[PDB]
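Asks: Structure file upload27.txt (compact mmCIF, C-alpha atoms) right here:
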```txt
# COMPACT_ATOMS: atom_id res chain seq x y z
CA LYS A 105 -15.45 -35.36 -31.08
CA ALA A 106 -12.08 -34.90 -32.78
CA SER A 107 -12.36 -31.14 -32.35
CA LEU A 108 -13.41 -31.61 -28.73
CA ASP A 109 -10.51 -33.99 -28.09
CA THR A 110 -8.06 -31.48 -29.55
CA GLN A 111 -9.67 -28.74 -27.47
CA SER A 112 -9.54 -30.98 -24.40
CA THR A 113 -5.85 -31.61 -24.98
CA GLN A 114 -5.29 -27.88 -25.49
CA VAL A 115 -7.20 -26.80 -22.36
CA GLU A 116 -5.26 -29.32 -20.25
CA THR A 117 -1.99 -27.88 -21.56
CA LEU A 118 -3.25 -24.37 -20.78
CA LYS A 119 -4.11 -25.45 -17.24
CA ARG A 120 -0.61 -26.89 -16.84
CA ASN A 121 0.83 -23.68 -18.27
CA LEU A 122 -1.27 -21.63 -15.85
CA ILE A 123 0.09 -23.67 -12.93
CA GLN A 124 3.63 -23.07 -14.21
CA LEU A 125 2.86 -19.35 -14.49
CA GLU A 126 1.62 -19.34 -10.89
CA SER A 127 4.87 -20.98 -9.81
CA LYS A 128 6.84 -18.37 -11.77
CA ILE A 129 5.21 -15.33 -10.13
CA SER A 130 5.83 -16.86 -6.69
CA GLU A 131 9.50 -17.35 -7.58
CA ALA A 132 9.73 -13.67 -8.57
CA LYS A 133 8.16 -12.72 -5.22
CA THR A 134 10.78 -14.83 -3.41
CA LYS A 135 13.57 -12.91 -5.16
CA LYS A 136 12.19 -9.63 -3.81
CA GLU A 137 12.28 -11.02 -0.26
CA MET A 138 15.94 -11.98 -0.73
CA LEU A 139 16.64 -8.46 -2.01
CA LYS A 140 14.85 -7.03 1.04
CA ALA A 141 17.11 -9.08 3.33
CA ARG A 142 20.15 -7.56 1.59
CA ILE A 143 18.67 -4.09 2.13
CA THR A 144 18.42 -4.78 5.88
CA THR A 145 22.15 -5.61 5.97
CA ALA A 146 22.91 -2.13 4.56
CA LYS A 147 20.66 -0.67 7.29
CA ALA A 148 22.63 -2.60 9.94
CA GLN A 149 25.85 -0.82 8.91
CA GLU A 150 24.05 2.52 9.42
CA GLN A 151 22.89 1.28 12.83
CA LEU A 152 26.58 0.84 13.65
CA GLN A 153 27.18 4.56 13.11
CA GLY A 154 24.31 5.36 15.46
CA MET A 155 25.77 3.00 18.06
CA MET B 1 45.06 24.70 -9.75
CA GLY B 2 43.44 27.73 -8.14
CA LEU B 3 39.95 26.42 -8.80
CA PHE B 4 40.78 23.10 -7.14
CA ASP B 5 42.11 24.83 -4.03
CA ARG B 6 38.99 26.99 -3.83
CA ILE B 7 36.71 23.99 -4.25
CA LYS B 8 38.36 22.02 -1.45
CA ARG B 9 38.13 24.91 1.01
CA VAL B 10 34.50 25.61 0.11
CA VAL B 11 33.54 21.94 0.33
CA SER B 12 35.19 21.50 3.72
CA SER B 13 33.56 24.62 5.15
CA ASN B 14 30.13 23.73 3.77
CA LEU B 15 30.30 20.13 4.94
CA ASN B 16 31.42 21.07 8.45
CA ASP B 17 28.65 23.64 8.87
CA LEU B 18 26.00 21.25 7.55
CA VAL B 19 26.82 18.29 9.80
CA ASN B 20 26.81 20.41 12.97
CA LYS B 21 23.33 21.80 12.30
CA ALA B 22 21.88 18.30 11.88
CA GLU B 23 23.95 16.69 14.66
CA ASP B 24 21.23 16.16 17.26
CA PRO B 25 21.27 12.82 19.06
CA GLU B 26 17.51 12.62 19.74
CA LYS B 27 16.37 13.61 16.24
CA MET B 28 18.79 11.33 14.40
CA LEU B 29 18.00 8.37 16.63
CA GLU B 30 14.25 8.84 16.26
CA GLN B 31 14.50 8.95 12.47
CA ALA B 32 16.71 5.87 12.53
CA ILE B 33 14.32 4.15 14.93
CA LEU B 34 11.37 4.91 12.67
CA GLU B 35 13.15 3.56 9.59
CA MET B 36 14.19 0.23 11.13
CA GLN B 37 10.74 -0.24 12.64
CA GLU B 38 9.14 0.51 9.28
CA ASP B 39 11.56 -1.89 7.62
CA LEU B 40 10.83 -4.48 10.30
CA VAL B 41 7.10 -4.07 9.75
CA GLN B 42 7.61 -4.44 6.01
CA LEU B 43 9.86 -7.44 6.59
CA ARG B 44 7.27 -9.02 8.88
CA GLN B 45 4.59 -8.39 6.27
CA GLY B 46 6.86 -9.81 3.59
CA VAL B 47 7.55 -12.91 5.66
CA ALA B 48 3.82 -13.32 6.25
CA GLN B 49 3.20 -12.76 2.55
CA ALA B 50 5.92 -15.28 1.72
CA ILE B 51 4.32 -17.77 4.10
CA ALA B 52 0.94 -17.09 2.51
CA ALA B 53 2.48 -17.53 -0.93
CA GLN B 54 4.07 -20.79 0.22
CA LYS B 55 0.71 -21.96 1.55
CA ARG B 56 -0.88 -21.09 -1.80
CA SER B 57 1.95 -22.94 -3.55
CA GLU B 58 1.40 -25.90 -1.22
CA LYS B 59 -2.29 -26.00 -2.15
CA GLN B 60 -1.31 -26.07 -5.83
CA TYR B 61 1.18 -28.84 -5.06
CA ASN B 62 -1.54 -30.74 -3.20
CA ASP B 63 -3.84 -30.36 -6.21
CA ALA B 64 -1.14 -31.81 -8.47
CA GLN B 65 -0.82 -34.81 -6.14
CA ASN B 66 -4.60 -35.24 -6.24
CA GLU B 67 -4.51 -35.02 -10.03
CA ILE B 68 -1.88 -37.77 -10.14
CA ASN B 69 -4.12 -40.00 -8.02
CA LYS B 70 -7.02 -39.33 -10.40
CA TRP B 71 -4.73 -40.13 -13.33
CA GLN B 72 -3.59 -43.30 -11.55
CA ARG B 73 -7.22 -44.35 -11.12
CA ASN B 74 -7.82 -43.62 -14.81
CA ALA B 75 -4.82 -45.75 -15.77
CA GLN B 76 -6.28 -48.69 -13.84
CA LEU B 77 -9.62 -48.02 -15.53
CA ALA B 78 -7.86 -47.83 -18.90
CA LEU B 79 -6.39 -51.31 -18.40
CA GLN B 80 -9.90 -52.65 -17.76
CA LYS B 81 -11.09 -50.76 -20.86
CA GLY B 82 -8.32 -52.35 -22.93
CA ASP B 83 -7.59 -49.18 -24.89
CA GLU B 84 -3.81 -48.71 -25.38
CA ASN B 85 -4.02 -44.96 -26.03
CA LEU B 86 -5.73 -44.05 -22.75
CA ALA B 87 -3.16 -45.94 -20.69
CA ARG B 88 -0.23 -44.35 -22.53
CA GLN B 89 -1.63 -40.85 -22.00
CA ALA B 90 -2.03 -41.43 -18.27
CA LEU B 91 1.59 -42.55 -17.88
CA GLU B 92 2.84 -39.47 -19.72
CA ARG B 93 0.60 -37.24 -17.61
CA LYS B 94 1.82 -38.83 -14.38
CA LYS B 95 5.50 -38.30 -15.22
CA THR B 96 5.28 -34.58 -16.04
CA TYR B 97 3.11 -33.95 -12.98
CA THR B 98 5.52 -35.85 -10.75
CA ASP B 99 8.42 -33.84 -12.15
CA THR B 100 6.46 -30.63 -11.62
CA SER B 101 5.62 -31.70 -8.07
CA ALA B 102 9.27 -32.47 -7.37
CA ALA B 103 10.28 -29.09 -8.77
CA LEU B 104 7.59 -27.41 -6.68
CA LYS B 105 8.77 -29.28 -3.59
CA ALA B 106 12.36 -28.21 -4.20
CA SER B 107 11.23 -24.62 -4.66
CA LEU B 108 9.09 -24.87 -1.54
CA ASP B 109 11.97 -26.33 0.46
CA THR B 110 14.24 -23.50 -0.65
CA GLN B 111 11.51 -21.01 0.20
CA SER B 112 10.98 -22.72 3.55
CA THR B 113 14.69 -22.48 4.30
CA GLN B 114 14.66 -18.83 3.23
CA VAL B 115 11.61 -17.87 5.31
CA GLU B 116 13.12 -19.52 8.40
CA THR B 117 16.30 -17.49 7.91
CA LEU B 118 14.19 -14.34 7.51
CA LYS B 119 12.36 -15.13 10.75
CA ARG B 120 15.70 -15.58 12.51
CA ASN B 121 16.91 -12.32 10.97
CA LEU B 122 13.74 -10.57 12.14
CA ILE B 123 14.35 -11.81 15.68
CA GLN B 124 17.93 -10.51 15.48
CA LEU B 125 16.60 -7.17 14.21
CA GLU B 126 14.20 -7.00 17.16
CA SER B 127 17.11 -7.63 19.52
CA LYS B 128 19.11 -4.88 17.78
CA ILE B 129 16.45 -2.16 18.15
CA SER B 130 16.10 -3.03 21.86
CA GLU B 131 19.87 -2.69 22.28
CA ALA B 132 19.73 0.77 20.68
CA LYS B 133 16.93 1.72 23.09
CA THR B 134 19.08 0.59 26.03
CA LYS B 135 21.89 2.90 24.88
CA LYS B 136 19.52 5.88 25.02
CA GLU B 137 18.62 5.03 28.62
CA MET B 138 22.32 4.97 29.54
CA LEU B 139 22.74 8.35 27.84
CA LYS B 140 19.75 9.67 29.81
CA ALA B 141 21.41 8.57 33.07
CA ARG B 142 24.52 10.56 32.09
CA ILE B 143 22.29 13.59 31.40
CA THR B 144 20.87 13.35 34.95
CA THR B 145 24.42 13.51 36.37
CA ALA B 146 24.95 16.85 34.59
CA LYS B 147 21.65 18.04 36.11
CA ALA B 148 22.89 17.02 39.57
CA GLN B 149 25.85 19.41 39.26
CA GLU B 150 23.38 22.23 38.48
CA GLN B 151 21.36 21.19 41.53
CA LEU B 152 24.53 21.80 43.54
CA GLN B 153 24.56 25.44 42.46
CA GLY B 154 20.95 25.80 43.57
CA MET B 155 21.82 24.24 46.92
```
Kindly transcribe the structure held in the file into C-alpha cells.
Replies:
Amino acid sequence: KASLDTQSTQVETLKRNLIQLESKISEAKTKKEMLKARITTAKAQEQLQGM
Amino acid sequence: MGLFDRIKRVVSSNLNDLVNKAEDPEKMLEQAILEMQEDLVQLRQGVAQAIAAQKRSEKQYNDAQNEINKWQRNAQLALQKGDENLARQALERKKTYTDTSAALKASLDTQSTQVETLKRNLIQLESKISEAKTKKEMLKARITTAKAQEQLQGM
C-alpha cells in the first residue's frame, strides 16, 4: 500500500508534468506563427517593388 | 587601386546585363503571385493549425476544470471521512490546478488575440493580391492601346 501510494503520487505528478509538456509544445508552435507573420511583412516590402 | 577600379566596372556591367535579361513583367509577377499565394495558403493552414492547437489546449483546460471539481467532491468526502491528510492533499491539488488553469487561460487569451490578428492580416493579404491583379488589368488595357496604333497601319 505504501509503495502503491508513492507510485500513485508519482504517476499523478507525471500526469501533471505531461500536461505542462503539452502546454510547452503548443507555446513553441505559437512562436513559429509569430515568426511567420514577420516573414509576411518582409514579403509585403517586396510586393511594393512589384507595385 | 587598379583592381578596385576594374572590379567596379565589371560589377556594374555584369549587374546591368543580368537585370535586363530577367526584367519581364509577366514572369516576375507570376512568380511573385505564386509565392504570396503559397505563403497565404501556409498562413491559412497555420492559422487553422493554431486554432486546432487552441481547441486541443481548451480541451486540456476543460479537463483540468473537471479534475478540480472531482477534487472538490473528494474534499467534501474527506471532511465526512474525518481524515486530515486527505483534505489537505485536495486543497493543495486544487491550488496548483487553479494556477495552471489560470496560466493556460492567459496563454489561450494571448493565442486568441494573436490568431485574430493573423486572421485580420490574412484578410489584408487577400486584399493586397487582388490589388496587384487589378494593376495587371490596367497594364493590359495600355497594351491594347499600343495594338490599336498597329491596327491603324493595317487600315
Asks: Could you check the closest approach to residue 136 in chain A for each of B:1, B:50, B:33, B:28 and tell me which residue wins, using only C-alpha atoms?
Replies: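 Checking each of B:1, B:50, B:33, B:28 against residue 136 in chain A, counting only C-alpha atoms, the winner is B:50.
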Asks: Taking only C-alpha atoms into account, find every residue of chain B that has an atom no more than 10 Å from chain A, and write it out as a CSV table (one decimal) with C-alpha atoms, in the frame of the given file.
Replies:
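Below is the file result09.csv, written as the result:
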```
chain,number,residue,atom,x,y,z
B,25,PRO,CA,21.3,12.8,19.1
B,28,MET,CA,18.8,11.3,14.4
B,29,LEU,CA,18.0,8.4,16.6
B,32,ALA,CA,16.7,5.9,12.5
B,33,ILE,CA,14.3,4.2,14.9
B,35,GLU,CA,13.2,3.6,9.6
B,36,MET,CA,14.2,0.2,11.1
B,39,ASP,CA,11.6,-1.9,7.6
B,40,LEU,CA,10.8,-4.5,10.3
B,42,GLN,CA,7.6,-4.4,6.0
B,43,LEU,CA,9.9,-7.4,6.6
B,46,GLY,CA,6.9,-9.8,3.6
B,47,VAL,CA,7.6,-12.9,5.7
B,49,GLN,CA,3.2,-12.8,2.6
B,50,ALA,CA,5.9,-15.3,1.7
B,53,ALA,CA,2.5,-17.5,-0.9
B,54,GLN,CA,4.1,-20.8,0.2
B,56,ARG,CA,-0.9,-21.1,-1.8
B,57,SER,CA,2.0,-22.9,-3.6
B,60,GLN,CA,-1.3,-26.1,-5.8
B,61,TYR,CA,1.2,-28.8,-5.1
B,64,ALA,CA,-1.1,-31.8,-8.5
B,96,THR,CA,5.3,-34.6,-16.0
B,97,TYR,CA,3.1,-34.0,-13.0
B,100,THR,CA,6.5,-30.6,-11.6
B,103,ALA,CA,10.3,-29.1,-8.8
B,104,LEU,CA,7.6,-27.4,-6.7
B,107,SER,CA,11.2,-24.6,-4.7
B,108,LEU,CA,9.1,-24.9,-1.5
B,110,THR,CA,14.2,-23.5,-0.6
B,111,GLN,CA,11.5,-21.0,0.2
B,114,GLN,CA,14.7,-18.8,3.2
B,115,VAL,CA,11.6,-17.9,5.3
B,117,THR,CA,16.3,-17.5,7.9
B,118,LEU,CA,14.2,-14.3,7.5
B,121,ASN,CA,16.9,-12.3,11.0
B,122,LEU,CA,13.7,-10.6,12.1
B,125,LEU,CA,16.6,-7.2,14.2
B,128,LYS,CA,19.1,-4.9,17.8
B,129,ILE,CA,16.4,-2.2,18.2
B,131,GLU,CA,19.9,-2.7,22.3
B,132,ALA,CA,19.7,0.8,20.7
B,135,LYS,CA,21.9,2.9,24.9
B,136,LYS,CA,19.5,5.9,25.0
```
Asks: Please, what distance in Å, to one decimal, runs between CA of residue 113 in chain A and CA of residue 89 in chain B?
Replies: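 According to the coordinates, CA of residue 113 in chain A and CA of residue 89 in chain B are separated by 10.6 Å.
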Asks: For CA of residue 76 in chain B and CA of residue 110 in chain A, determine how far apart the two atoms are, in Å to one decimal place.
Replies: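 Interatomic distance, CA of residue 76 in chain B to CA of residue 110 in chain A: 23.4 Å.
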Asks: Would you mind telling me which residue in B:87, B:62, B:10, B:148 lies nearest to residue 74 in chain B when using all atoms listed in the file?
Replies: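 Checking each of B:87, B:62, B:10, B:148 against residue 74 in chain B, counting all atoms listed in the file, the winner is B:87.
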Asks: What separation in Å, quoted to one decimal, exists between CA of residue 143 in chain B and CA of residue 126 in chain B?
Replies: 26.3 Å
Asks: With distances taken over all atoms listed in the file, which of B:58, B:139, B:20, B:67 is nearest to residue 116 in chain A?
Replies: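 Checking each candidate against residue 116 in chain A, we get B:67 as the closest.
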Asks: Report as a ChimeraX atom specification all protein, DNA and RNA residues lying within 10 Å of residue 75 in chain B, evaluated on only C-alpha atoms, omitting residues in the same chain fewer than 5 positions from it.
Replies: /B:69-70,80-81,86-91,94
Asks: As a tab-separated table (two decimals), keeping the file's coordinate frame, please: range 144-155 of chain A completed to N, CA and C atoms.
Replies:
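Contents of rebuild_20.tsv, as written:
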```tsv
chain	number	residue	atom	x	y	z
A	144	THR	N	18.33	-4.84	4.42
A	144	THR	CA	18.42	-4.78	5.88
A	144	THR	C	19.87	-4.78	6.34
A	145	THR	N	20.72	-5.54	5.65
A	145	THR	CA	22.15	-5.61	5.97
A	145	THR	C	22.80	-4.23	5.83
A	146	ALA	N	22.41	-3.49	4.79
A	146	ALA	CA	22.91	-2.13	4.56
A	146	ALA	C	22.47	-1.23	5.72
A	147	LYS	N	21.23	-1.42	6.17
A	147	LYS	CA	20.66	-0.67	7.29
A	147	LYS	C	21.44	-0.94	8.58
A	148	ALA	N	21.88	-2.19	8.76
A	148	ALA	CA	22.63	-2.60	9.94
A	148	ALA	C	23.94	-1.82	10.05
A	149	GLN	N	24.60	-1.58	8.92
A	149	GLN	CA	25.85	-0.82	8.91
A	149	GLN	C	25.59	0.61	9.41
A	150	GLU	N	24.47	1.19	8.99
A	150	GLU	CA	24.05	2.52	9.42
A	150	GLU	C	23.77	2.52	10.93
A	151	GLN	N	23.19	1.42	11.41
A	151	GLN	CA	22.89	1.28	12.83
A	151	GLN	C	24.19	1.34	13.63
A	152	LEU	N	25.27	0.85	13.01
A	152	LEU	CA	26.58	0.84	13.65
A	152	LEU	C	27.04	2.27	13.92
A	153	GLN	N	26.80	3.16	12.96
A	153	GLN	CA	27.18	4.56	13.11
A	153	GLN	C	26.43	5.18	14.28
A	154	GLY	N	25.14	4.85	14.38
A	154	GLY	CA	24.31	5.36	15.46
A	154	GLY	C	24.82	4.86	16.80
A	155	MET	N	25.23	3.60	16.84
A	155	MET	CA	25.77	3.00	18.06
A	155	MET	C	27.05	3.73	18.46
```
